[PDB]
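**Q** A single structure is presented below for examination.
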Amino acid sequence: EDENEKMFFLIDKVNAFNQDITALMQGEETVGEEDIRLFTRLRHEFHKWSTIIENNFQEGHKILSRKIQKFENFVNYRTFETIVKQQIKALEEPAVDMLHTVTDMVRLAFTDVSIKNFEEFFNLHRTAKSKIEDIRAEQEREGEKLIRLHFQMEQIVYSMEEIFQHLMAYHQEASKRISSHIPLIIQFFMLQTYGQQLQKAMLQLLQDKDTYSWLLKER
Amino acid sequence: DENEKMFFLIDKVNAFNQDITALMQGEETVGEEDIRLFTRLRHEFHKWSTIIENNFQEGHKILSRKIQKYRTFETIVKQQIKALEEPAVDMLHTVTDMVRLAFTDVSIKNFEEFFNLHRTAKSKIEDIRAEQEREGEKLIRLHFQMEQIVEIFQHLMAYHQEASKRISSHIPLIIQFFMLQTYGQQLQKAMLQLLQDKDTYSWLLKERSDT
């Protein structure tokens, strides 16, 4: 059958693209002659982040102690809580900057997989392509959102000696958490999720039999 | 809707492919004193290895003993290699069985509400099994026929010694690749074949209650 023959060529191609996606998610993908894999380049960006947050932590502890003394030279429960809360908010804007760089890295990987299977490609292809692009846009929007949400999470804590001790606990834990999560979000949205959603849409092209021969030409 | 039918089927197929990857990479959920697929293969190979090494010792001394006393001498090395062939093909068969069981379970989960549609999917699982297992077996036998190509005593003893050592490793190789790596990948491509006839969609969705 010539119907069977036609099935082999198209059906074989679509899977191969998806298999390379799996390599991309795991820091295993095949890369150009003197390029660096996506996973390694991300690691460098995260180290710069670590430093910024550490400085914040030392600042906060002193601020409350001194606040009491200076005014001299627990009815104000609302006022003292406010000071620690505001130190953590100062970290927010830096976090989003890092996000942007990383999604640029990922796009380069992903595009080389697609092109590889499909480049001798002009009426048939494209449609597929557009799924690659739309999902780029979408995910980067989402990633920024989650970072900002994370910071509003951080607005919740953790005699005169018991209020002091308690409230200060909150500051310390808060710093470590910010350091770890801002790098995480970036990877989660723009490598794992990005890849997987593409795959399902790519299976959709197979439906139309009488669009068979209509799909195949390679000229 | 025509629009509903399309998206429901497209989505299900794409999830099926993800599960096949897990099975292939030795991370499926298993029992406590049970053992994972990938380890299971290794136990089978160890048994193979010990039998082969016996054969290597016999060859060397036989040819020597007759020289204390041309084609009559070359006949003995070729008969020694030959004896390993029939055991090899046996072990191919059992490893195939174990991998095959995992794959079929994924097909079932996705298409229980499409009775006609499920039948074709499952059939693709078997087709890929058939084809590769034939090839596997073929390559074992070809390997032996290859081995059957061969004062003069000293030059000829180097070929006797070397030969045997090869067989030990190769039979395992075929068994590993054949019905693990290929089995998965090519299977996936057959599954999108269901998509073709949207005029057939109503037929696929025919239920058991009114046949």
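Just so we're on the same page: first chain in the structure tokens is A, next is B, and so on; residues restart at 1 for each chain, and ligands are numbered from 1 in the order they show up.
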Identify every residue of chain B that has at least one atom within 7 Å of any atom of chain A, counting only C-alpha atoms, and report the result as a PyMOL selection string.
**A** chain B and resi 10-11+14+188-189+192-193+195-198
**Q** Can you pull out every residue within 9 Å of residue 168 of chain A, counting only C-alpha atoms, but drop anything in the same chain fewer than 6 positions away, and send it as a list in words?
**A**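 In the requested format, the answer is residues 60, 61, 64, 84, 157 and 158 of chain A.
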**Q** Just the number, please: distance in Å from atom CA of residue 117 of chain B to atom CA of residue 104 of chain B, one decimal.
**A**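 Between atom CA of residue 117 of chain B and atom CA of residue 104 of chain B the gap works out to 14.7 Å.
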**Q** Can you tell me, as a PyMOL selection string, what residues are no more than 9 Å from residue 99 of chain B when counting only C-alpha atoms, ignoring any on the same chain fewer than 5 positions away?
**A** chain B and resi 23-24+37+179-180+183
**Q** Need the shell around residue 172 of chain B: protein/DNA/RNA residues with any atom at most 12 Å away, counting only C-alpha atoms. Skip same-chain ones fewer than 6 positions apart. Format as a PDB file with C-alpha atoms, in the first residue's frame?
**A**
ATOM      1  CA  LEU B  41      18.893  -8.481  32.319  1.00  0.00           C
ATOM      2  CA  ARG B  42      22.294  -8.409  34.085  1.00  0.00           C
ATOM      3  CA  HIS B  43      21.640 -11.671  35.997  1.00  0.00           C
ATOM      4  CA  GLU B  44      20.947 -13.473  32.724  1.00  0.00           C
ATOM      5  CA  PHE B  45      24.328 -12.371  31.295  1.00  0.00           C
ATOM      6  CA  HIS B  46      26.434 -13.657  34.147  1.00  0.00           C
ATOM      7  CA  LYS B  47      25.342 -17.255  33.496  1.00  0.00           C
ATOM      8  CA  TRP B  48      26.367 -16.892  29.821  1.00  0.00           C
ATOM      9  CA  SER B  49      29.855 -15.676  30.663  1.00  0.00           C
ATOM     10  CA  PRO B  87      22.982 -21.846  23.476  1.00  0.00           C
ATOM     11  CA  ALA B  88      23.122 -18.198  22.442  1.00  0.00           C
ATOM     12  CA  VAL B  89      19.739 -17.945  20.753  1.00  0.00           C
ATOM     13  CA  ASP B  90      17.855 -19.449  23.707  1.00  0.00           C
ATOM     14  CA  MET B  91      18.714 -16.611  26.078  1.00  0.00           C
ATOM     15  CA  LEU B  92      17.548 -13.933  23.580  1.00  0.00           C
ATOM     16  CA  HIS B  93      13.964 -15.082  23.955  1.00  0.00           C
ATOM     17  CA  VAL B  95      14.707 -11.159  28.083  1.00  0.00           C
ATOM     18  CA  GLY B 136      18.355  -9.851  17.137  1.00  0.00           C
ATOM     19  CA  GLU B 137      18.306 -13.587  16.493  1.00  0.00           C
ATOM     20  CA  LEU B 139      22.705 -11.230  14.215  1.00  0.00           C
ATOM     21  CA  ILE B 140      23.629 -13.957  16.684  1.00  0.00           C
ATOM     22  CA  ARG B 166      34.652 -12.483  21.456  1.00  0.00           C
ATOM     23  CA  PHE B 178      16.949  -5.558  21.098  1.00  0.00           C
TER      24      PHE B 178
END
**Q** Expressed in Å to a single decimal, how great is the separation between atom CA of residue 12 of chain B and atom CA of residue 215 of chain A?
**A**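 These atoms are spaced 22.9 Å apart.
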**Q** I'd like the neighbourhood of residue 143 of chain A as number ranges by chain, where a residue qualifies if any of its atoms comes within 8 Å (using only C-alpha atoms), though same-chain residues fewer than 4 positions away should be ignored.
**A** A: 99, 139, 147, 185-186, 189-190
**Q** Could you save the residues just selected, with N, CA and C atoms, as a compact mmCIF listing (two decimals), in the first residue's frame?
**A**
# COMPACT_ATOMS: atom_id res chain seq x y z
N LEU A 99 15.53 36.39 36.08
CA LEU A 99 14.62 35.60 35.27
C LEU A 99 14.89 35.84 33.80
N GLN A 139 5.23 31.27 29.26
CA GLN A 139 5.96 30.70 30.36
C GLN A 139 6.76 31.75 31.11
N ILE A 147 7.57 34.48 41.16
CA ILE A 147 8.61 35.16 41.93
C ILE A 147 7.95 36.24 42.78
N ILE A 185 12.41 28.89 40.46
CA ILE A 185 11.31 29.34 39.66
C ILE A 185 11.75 29.46 38.20
N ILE A 186 12.84 30.15 37.97
CA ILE A 186 13.42 30.33 36.65
C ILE A 186 13.64 29.01 35.85
N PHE A 189 9.89 26.92 35.30
CA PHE A 189 8.98 27.44 34.32
C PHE A 189 9.51 27.36 32.92
N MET A 190 10.79 27.63 32.75
CA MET A 190 11.38 27.83 31.44
C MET A 190 12.21 26.67 30.91
**Q** DSSP on the backbone: what in segment 22-156 of chain B comes out alpha helix (DSSP H), as a PyMOL selection string?
**A** chain B and resi 22-24+37-67+71-82+85-110+115-147+153-156
**Q** How far is it from atom CA of residue 106 of chain A to atom CA of residue 123 of chain A, in Å with one decimal?
**A**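 The value is 26.7 Å.
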